[PDB]
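Undergrad: Chains as they are written, first to last, in my numbering: chain H, 537 to 641; chain W, 537 to 641.
There are 2 protein chains.
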Amino acid sequence: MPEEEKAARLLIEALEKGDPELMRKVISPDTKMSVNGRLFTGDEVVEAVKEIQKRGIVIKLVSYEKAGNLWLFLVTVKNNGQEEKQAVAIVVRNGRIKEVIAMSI
Amino acid sequence: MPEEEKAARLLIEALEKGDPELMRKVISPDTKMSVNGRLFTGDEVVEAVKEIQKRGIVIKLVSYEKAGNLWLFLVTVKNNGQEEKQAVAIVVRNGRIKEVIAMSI
């Protein structure tokens, strides 16, 4: 399995399990994440994952695509009968994620 | 207006107007684009834009977000009463687009 696929898999697993220690394996101190325009940098990203789990938010992968270093995922996000889809784009370089955007659909 | 914003604007305008000559201003010969997993490279990307216009497909921007070099757009895509949303992710570096993914929602 190529390094880029391992990193994408771990990112998804970190979101699906709300696992900050998995998130730490794939990000770097200058990773940027935008969630509907709210910006998180570095360790803020890890803390945002911890809040997924604390809030009981359930994330599941629907589908994905890839073009070079860019990946795009469709996920469902559920919080007690509230449910939406999000598009999550990532840039993976050498097994680490530099940039993440999540947008609600 | 920063170069990254000019490039994003032109990409959207190329899609909204189905204008291959605008697309040529923002891509490079090794630009990769995936449309639901169908891969286009370089001039194939330009030809794909020409087909938008030939087919009478109407694309409109709904919203967008940005994180560093990564942009994510939500667009509507309409073909005679058939309508869907697509998420379109791009990586912009120095005013040119390297990678594009479009996924139907």
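By construction, the Cβ of each residue, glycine as well, lies at the ideal position given by its N, Cα and C atoms.
So, with DSSP's three-state summary, where would you put H/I593?
TA: Counted from its first residue, the first sequence places residue 593 of chain H at position 57. Looking at H/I593 - three-state DSSP - the assignment turns out to be coil, as it is neither helix nor strand.
Undergrad: Could you please tell me which residues of the segment 550 to 568 of chain W, in chain order, have their CB closer than 8 angstroms to any CB of chain H?
TA: Those would be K568, in chain order.
Undergrad: Given that W/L610 touches chain H, what residues does it touch there, using C-beta distances under 7 angstroms?
TA: Position 74 of the second sequence, counted from the first residue, corresponds to residue 610 of chain W. Within chain H, the residues near W/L610 are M639 and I641.
Undergrad: Using a Cβ-Cβ cut-off of 8 angstroms, state whether W/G604 counts as contacting chain C.
TA: Absent here is chain C; the protein component of the structure consists of chains H and W.
Undergrad: So what's H/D579 in DSSP terms, helix, strand or just coil?
TA: Counting from 1 along the first sequence, the entry for residue 579 of chain H is found at position 43. Helix, per DSSP.
Undergrad: Give the secondary structure of W/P556 by DSSP, where H, G and I count as helix, E and B as strand, and everything else as coil.
TA: As a working note, residue 556 of chain W is residue 20 in the second sequence. Here W/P556 sits in helix by DSSP.
Undergrad: Find out if the Cβ-Cβ distance for the pair H/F609, H/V628 is shorter than 8 angstroms.
TA: Indexing the first sequence from 1 puts residue 609 of chain H at position 73. Indexing the first sequence from 1 puts residue 628 of chain H at position 92. Contact flag unset, no.
Undergrad: Based on Cα-Cα distance, which residue from H/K586, H/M537, H/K568 and H/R591 lies nearest to H/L558?
TA: Along the first sequence, one-based indexing puts residue 558 of chain H at 22. The option with the nearest alpha carbon to H/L558 is H/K586.
Undergrad: On the premise that H/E601 lies in contact with W/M639, defined as a C-beta separation below 8 angstroms, what is that separation, rounded to the nearest angstrom?
TA: Locating residue 639 of chain W in the second sequence gives position 103, where the first residue counts as 1. Locating residue 601 of chain H in the first sequence gives position 65, where the first residue counts as 1. The Cβ separation is near 6 angstroms, so the contact holds.
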